[PDB]
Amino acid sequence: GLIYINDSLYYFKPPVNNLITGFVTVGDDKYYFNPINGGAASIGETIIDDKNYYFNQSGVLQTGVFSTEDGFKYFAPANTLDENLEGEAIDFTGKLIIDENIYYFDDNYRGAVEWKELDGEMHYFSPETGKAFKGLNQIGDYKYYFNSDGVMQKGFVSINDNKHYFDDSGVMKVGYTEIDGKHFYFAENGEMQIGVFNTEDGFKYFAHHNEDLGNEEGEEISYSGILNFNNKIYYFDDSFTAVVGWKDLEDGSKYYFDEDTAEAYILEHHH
């Protein structure tokens, strides 16, 4: 059977000093004892009768997508394309799914990386593995959401019971955003917020849907007057922005609205 001579693996049969060489199957897993290298089990990508095969660190022939000197090769199961043998690198092109993992094989019969447009959809294949990205992912300075199928998403997406927004380019949109004439506010992680936040224009109110008014969830509402929200007090002027410092209203009331947060810290009732 299979014996280890000096960190390298070999195969011998009953006669004595009968080194075997060539393809052998030791149970489930198949090996190749290189007749060039004294019958030593081949590790990594190796050429046998002009065909390419891949063996793990233990010398057993493997199937699937693997990094090569050429790029990502597909060492296909038997009869996958033009009656190929088990683990033979095939001249494959197109989409390829192997147990959830999705790959796209470019015209050179090798796995593609980064942005690839497939049909009318955008996909992002890992530069590390060649596998399509799924879910929320940072790609460069921006964040994108991809399907369970690796299709890049545009519009509002519910991720972990929070709303995110991906523009016409799939980018995640953070801060005070204009979405087709309506304004919304996203946290720096992308999560759409309700409350008053610091916008380029100043402090603005992004309100919950009200049955009257007819505002969308988290849509900027052109508020004016005092706002009592989340145990906080704000006053908005005709700018539909919250005021800071001292403010006295004809109703008697004298307020001090925190310079940093625009929230009421002091309220003296007068006449």
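The first residue of the sequence shown is number 1, and the count goes up from there.
Visitor: Quick check on the record: does 208 to 216 or 237 to 245 carry the larger mean Cα temperature factor?
Guide: It is 208 to 216.
Visitor: Output the stretch having the higher mean C-alpha B factor in the entry; the candidates are 178 to 186 and 77 to 85.
Guide: Taking the mean B-factor of the alpha carbons in each, 77 to 85 is higher.
Visitor: Per the entry, which of 126, 160, 153, 198 tops the list for Cα B factor?
Guide: By C-alpha B-factor in the record, 160 ranks first.
Visitor: Can you work out whether the C-alpha temperature factor of residue 120 puts it in the lowest, middle or highest third of the chain?
Guide: Its C-alpha B-factor, which the entry lists for residue 120, ranks in the highest third among residues of this chain.
Visitor: Sort the modelled residues of this chain by their C-alpha B factor and say whether residue 146 lands in the lowest, middle or highest third.
Guide: CA B-factor rank for residue 146: middle third.
Visitor: Lowest, middle or highest third: where is residue 64 by C-alpha B factor in its chain?
Guide: Middle third, going by the recorded CA B-factors of the chain.
Visitor: By its CA B factor, does residue 35 count among the lowest, middle or highest third of the modelled residues in the chain?
Guide: As the PDB entry reports it, the C-alpha B-factor of residue 35 lands in the highest third of its chain.
Visitor: Lowest, middle or highest third: which one holds residue 263 when the chain's residues are ordered by CA B-factor from the entry?
Guide: CA B-factor rank for residue 263: lowest third.
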